[PDB]
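Peer 1: Chains as they are written, first to last, in the entry's author numbering: chain A, 12 to 27, 33 to 299; chain B, 23 to 27, 33 to 299. Pasting a structure below so you can have a look.
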Amino acid sequence: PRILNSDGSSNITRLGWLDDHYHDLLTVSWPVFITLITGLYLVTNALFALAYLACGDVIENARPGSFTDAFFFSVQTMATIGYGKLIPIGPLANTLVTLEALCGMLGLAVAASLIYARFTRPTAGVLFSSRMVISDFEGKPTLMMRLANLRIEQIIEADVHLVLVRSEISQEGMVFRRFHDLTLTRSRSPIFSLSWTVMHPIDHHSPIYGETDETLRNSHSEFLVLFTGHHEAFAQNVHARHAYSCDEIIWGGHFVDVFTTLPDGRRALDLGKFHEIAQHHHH
Amino acid sequence: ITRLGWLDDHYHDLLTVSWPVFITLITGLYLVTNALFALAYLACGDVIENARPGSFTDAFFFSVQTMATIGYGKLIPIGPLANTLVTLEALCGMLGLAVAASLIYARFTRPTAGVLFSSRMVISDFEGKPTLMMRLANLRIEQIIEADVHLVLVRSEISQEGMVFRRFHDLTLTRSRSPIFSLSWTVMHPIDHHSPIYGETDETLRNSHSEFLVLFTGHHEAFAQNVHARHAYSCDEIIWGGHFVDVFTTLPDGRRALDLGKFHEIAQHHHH
Ligand SMILES: [K+]
Ligand SMILES: [K+]
Ligand SMILES: [K+]
Numbered sequence: 012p013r014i015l016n017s018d019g020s021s022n023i024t025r026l027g033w034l035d036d037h038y039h040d041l042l043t044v045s046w047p048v049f050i051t052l053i054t055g056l057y058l059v060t061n062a063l064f065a066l067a068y069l070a071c072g073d074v075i076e077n078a079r080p081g082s083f084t085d086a087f088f089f090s091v092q093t094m095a096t097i098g099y100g101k102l103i104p105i106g107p108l109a110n111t112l113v114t115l116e117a118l119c120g121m122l123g124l125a126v127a128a129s130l131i132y133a134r135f136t137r138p139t140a141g142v143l144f145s146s147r148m149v150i151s152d153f154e155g156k157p158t159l160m161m162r163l164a165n166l167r168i169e170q171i172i173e174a175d176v177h178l179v180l181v182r183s184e185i186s187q188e189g190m191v192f193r194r195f196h197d198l199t200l201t202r203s204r205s206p207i208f209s210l211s212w213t214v215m216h217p218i219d220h221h222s223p224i225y226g227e228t229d230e231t232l233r234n235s236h237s238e239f240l241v242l243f244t245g246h247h248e249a250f251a252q253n254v255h256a257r258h259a260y261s262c263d264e265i266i267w268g269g270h271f272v273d274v275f276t277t278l279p280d281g282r283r284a285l286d287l288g289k290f291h292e293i294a295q296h297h298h299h
Numbered sequence: 023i024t025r026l027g033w034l035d036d037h038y039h040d041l042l043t044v045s046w047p048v049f050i051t052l053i054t055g056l057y058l059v060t061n062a063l064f065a066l067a068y069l070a071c072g073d074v075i076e077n078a079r080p081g082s083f084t085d086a087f088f089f090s091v092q093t094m095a096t097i098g099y100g101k102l103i104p105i106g107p108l109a110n111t112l113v114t115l116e117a118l119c120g121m122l123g124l125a126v127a128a129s130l131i132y133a134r135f136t137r138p139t140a141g142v143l144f145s146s147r148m149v150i151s152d153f154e155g156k157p158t159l160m161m162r163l164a165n166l167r168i169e170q171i172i173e174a175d176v177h178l179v180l181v182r183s184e185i186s187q188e189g190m191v192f193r194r195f196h197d198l199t200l201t202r203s204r205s206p207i208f209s210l211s212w213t214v215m216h217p218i219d220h221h222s223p224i225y226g227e228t229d230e231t232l233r234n235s236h237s238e239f240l241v242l243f244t245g246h247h248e249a250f251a252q253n254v255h256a257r258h259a260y261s262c263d264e265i266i267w268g269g270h271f272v273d274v275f276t277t278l279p280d281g282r283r284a285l286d287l288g289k290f291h292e293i294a295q296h297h298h299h
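This is how it looks when you write it as structure tokens:
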């Protein structure tokens with residue numbers, strides 16, 4: 012019954033048409049977005065076709081009072097193919113033409129913006145260790161997990177936040193979910209390129225100090241990781257988030273080493289080991 | 023390593044104008060330039076195929092067909108002069124589009140933080156000290172990263188020189204940063220000997236004609252772009268002793284939920 016999913020998205024039921037037009041257009045699935053555009057596209061042409069027919073027989077070589085011909089003319093005119101069979105006739109016909117033209121290009125301008133707006137989004141090639149572990153590092157128990165860069169390109173001034181979210185009781189007895197940012201031994205990595213094992217030493221200042229497993233479940237506590245940095249691939253900022261529940265903490269565990277030796281003998285990175293955690297089993 | 027796995036502020040004005048007007052401006056410019064070009068054509072004189080001699084309409088409409096590059100084919104350039112004007116217009120047309128597009132995109136690509144502000148603030152005991160607070164709710168499924176908020180008191184004061192003006196006090200929040208704002212955030216300004224509103228009653232707040240300004244900003248994942256939102260409270264929108272109700276619920280299913288209805292609800296003790 013977790014508050015936060017693995018993907019980092021909160022896991023809650025929200026309780027609440034043209035209101036949020038811009039957001040919606042960027043939020044919709046490509047299929048739908050294209051459909052919407054198409055719909056609008058056809059629609060307006062039909063509208064214009066009617067405008068033409070309304071004037072009546074104002075298009076060269078058009079079957080009298082036929083919507084098809086008018087519609088197709090309308091597209092040839094708005095897309096500015098303008099083949100040349102169907103042609104405007106008289107002031108009314110033509111004014112509608114120069115109006116449509118403008119409309120066509122404006123549509124393109126709007127379409128383009130939308131396309132570019134939804135198209136130009138990078139994604140940090142970052143993978144999160146499926147688990148966290150708590151183990152002795154440098155003489156103090158330390159909470160940790162690790163990121164692996166999935167691309168050849170590097171991420172500059174990358175940095176990461178490890179935030180504990182758990183329930184608390186105030187002196188006044190208010191019961192709330194609070195956020196604790198956990199001091200990391202290393203929060204900045206000016207050049208993140210392969211793997212980074214993040215660590216939160218646990219001492220008298222750690223909000224999880226002298227805390228067992230039982231105690232973590234009891235505060236219904238989770239752990240949220242936010243990574244961000246500047247990806248050279250895209251020459252633009254990227255970010256990635258991930259969340260762990262109390263039960264994804266492997267106590268006593270140690271992340272295996274991803275750095276391996278081949279028959280060639282050169283050091284290599286194996287992403288397979290990335291999720292592997294060493295563990296002592298004591299019967 | 024081997025991986026195994033009037034014309035002064037033109038730009039501002041163009042972005043600031045209402046869509047109706049902006050489209051009009053564009054349209055105006057559009058028609059205008061075509062008329063200009065039409066004249067250029069007529070100026071040469073009868074240089075367009077199938078054009079009624081010395082008729083502006085024909086020239087104008089030709090000009091549009093040429094600049095929008097429909098180029099139907101009835102009206103056609105004739106001779107060097109006609110055509111040069113053509114290849115000139117063409118260029119002009121596309122450039123216009125490039126400019127129009129930029130403008131369109133520039134004014135079109137403006138996200139809005141899906142953020143809702145609690146209609147009221149409250150002053151109540153939290154963690155053993157009276158605390159001023161209000162709360163934000165994210166109205167979208169998408170998350171806002173490194174979100175942060177400013178709580179600024181604005182009130183009247185006296186200078187040593189005795190100027191009675193309006194000053195800004197940023198109020199220390201127990202939590203000013205939220206790297207991941209996703210549902211609801213209750214912002215708090217503990218009131219102690221350092222709070223500009225320390226040992227202040229309601230009467231005293233009205234007296235300084237004091238208000239409270241909230242600025243929220245953060246990076247919205249929806250738009251992959253920065254967003255912001257501002258809100259303001261007057262002295263009388265402070266509910267003394269009040270406590271924001273809880274928006275969280277456990278469903279019958281045992282699954283957590285958020286009710287935005289409760290969001291504006293403030294608990295209160297009435298003592299006859
Ligand atoms: K064309
Ligand atoms: K064409
Ligand atoms: K043609």
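Positions of the beta carbon are idealized from the N, C-alpha and C atoms, including for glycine.
For the beta strand (DSSP E) containing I207/B, name the first residue and the last one.
Peer 2: For the purposes of this step, residue 207/B is taken as the residue at position 180 of the second sequence. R204 to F208 is the span of the beta strand (DSSP E), which, as asked, contains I207/B.
Peer 1: Find out if the Cβ-Cβ distance for the pair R194/A, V181/A is shorter than 9 Å.
Peer 2: Taking the first sequence and counting its residues from 1, the one referred to as residue 194/A is at position 178. Taking the first sequence and counting its residues from 1, the one referred to as residue 181/A is at position 165. Cβ atoms of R194/A and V181/A: closer than 9 Å.
Peer 1: Taking 8 Å as the cut-off, is the CB of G100/A close to at least one heavy atom of ligand 3?
Peer 2: By 1-based counting over the first sequence, the position of residue 100/A is 84. For ligand 3, at least one heavy atom lies less than 8 Å from the Cβ of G100/A.
Peer 1: Have a look at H255/B and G226/A and give me their C-alpha separation to the nearest angstrom.
Peer 2: Walking along the second sequence from the start, residue 255/B turns up at place 228. Walking along the first sequence from the start, residue 226/A turns up at place 210. About 40 Å.
Peer 1: Any beta carbon from chain A within less than 9 Å of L287/B's own beta carbon?
Peer 2: As a first step, residue 287/B is located in the second sequence; it is residue number 260 there, counting from the start. Interface residue, yes.
Peer 1: Within 10 Å of its beta-carbon, does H177/A have 16 or more other beta-carbons around it, so buried, or fewer, so exposed?
Peer 2: Walking along the first sequence from the start, residue 177/A turns up at place 161. It counts as buried.
Peer 1: Would the beta-carbon of residue 28/B be found less than 8 Å away from any heavy atom of ligand 2?
Peer 2: Absent here is residue 28/B, because the residues of chain B run from 27 on to 33 with nothing modelled in between.
Peer 1: With 16 as the cutoff for other CB atoms within 10 Å, does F192/B come out buried or exposed?
Peer 2: What you label residue 192/B is simply residue 165 of the second sequence in a count that begins at 1. That one is exposed.
Peer 1: Sorted by chain position, which residues of the same chain lie with C-beta nearer than 6 Å to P223/A's C-beta, five sequence neighbours on each side aside?
Peer 2: As a first step, residue 223/A is located in the first sequence; it is residue number 207 there, counting from the start. Answer for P223/A: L180 and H196, listed in chain order.
Peer 1: Excluding the five sequence neighbours on either side, which residues of its own chain have a C-beta within less than 8 Å of the C-beta of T54/B, listed in chain order?
Peer 2: Position 27 of the second sequence, counted from the first residue, corresponds to residue 54/B. Closer than 8 Å at the Cβ level, and outside the excluded window around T54/B, lies no residue.
Peer 1: State yes or no: is the C-beta of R134/A within less than 9 Å of the C-beta of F49/A?
Peer 2: In the first sequence, residue 134/A corresponds to position 118, counting from 1. In the first sequence, residue 49/A corresponds to position 33, counting from 1. Contact flag set, yes.
Peer 1: From the beta carbon of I103/A, is the nearest beta carbon of chain B less than 9 Å away?
Peer 2: Residue numbering aside, residue 103/A sits at position 87 when the first sequence is read from its first letter. Output row for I103/A: interface = yes.
Peer 1: Measuring from the CB of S183/A, is there a heavy atom of ligand 5 at a distance below 8 Å?
Peer 2: Of the ligands one can find in the structure shown, namely ligand 1, ligand 2 and ligand 3, none is ligand 5.
Peer 1: Suppose contacts are defined by Cβ-Cβ distances below 9 Å. Is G123/A in contact with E169/A by that definition?
Peer 2: The sequence position of residue 123/A within the first sequence is 107, counting from 1. The sequence position of residue 169/A within the first sequence is 153, counting from 1. Against a cut-off of 9 Å, the Cβ pair of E169/A and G123/A comes out as no contact.
Peer 1: In three-state DSSP terms, what is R233/B?
Peer 2: Here residue 233/B corresponds to residue number 206 of the second sequence, with the count starting at 1. It is helical.
Peer 1: For the stretch 158-182 of chain A, which residues have a CB atom closer than 7 Å to at least one CB atom of chain B, in sequence order?
Peer 2: Answer in chain order: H177 and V179.
Peer 1: Are the C-beta of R25/A and some C-beta of chain B separated by less than 9 Å?
Peer 2: Start at 1 with the first residue of the first sequence, and residue 25/A comes out as number 14. True, the Cβ-Cβ gap to chain B drops below 9 Å.
Peer 1: Apply the 10 Å Cβ neighbour rule to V91/A and answer buried if 16 or more other Cβ atoms are within range, or exposed otherwise.
Peer 2: Counting from 1 along the first sequence, the entry for residue 91/A is found at position 75. By the neighbour-count rule (16 or more Cβ atoms within 10 Å), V91/A is buried.
Peer 1: Looking only at its own chain, which residues have a Cβ that is under 7 Å from the Cβ of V74/B, when we skip the five neighbours before and after it?
Peer 2: Taking the first residue of the second sequence as position 1, residue 74/B is located at position 47. So the qualifying residues of the chain are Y68, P104, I105, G106, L108 and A109.
Peer 1: Nearest chain A C-beta to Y68/B closer than 9 Å, yes or no?
Peer 2: On the second sequence, position 41 is the one that residue 68/B refers to. Answer no: the Cβ-Cβ gap between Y68/B and chain A never drops below 9 Å.
Peer 1: Bridge partners for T277/A per DSSP, in chain order?
Peer 2: Walking along the first sequence from the start, residue 277/A turns up at place 261. Answer by DSSP bridge pairing, in chain order: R283/A.
Peer 1: At 7 Å on the CB atoms, spell out the chain A contacts of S209/B, in chain order.
Peer 2: Your numbering for residue 209/B matches position 182 in the second sequence. Correct list: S21.
Peer 1: With burial defined as no fewer than 16 other Cβ atoms inside 10 Å of the residue's Cβ, what is the status of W212/B: buried or exposed?
Peer 2: As a working mapping, residue 212/B is identified with position 185 in the second sequence. The residue is buried, with at least 16 neighbouring Cβ atoms inside 10 Å.
Peer 1: At which residue ranges does the stretch 170-196 of chain A contain complete alpha helix (DSSP H) runs of 4 or more residues, listed in the order of the chain?
Peer 2: The qualifying runs do not exist here; there are none.
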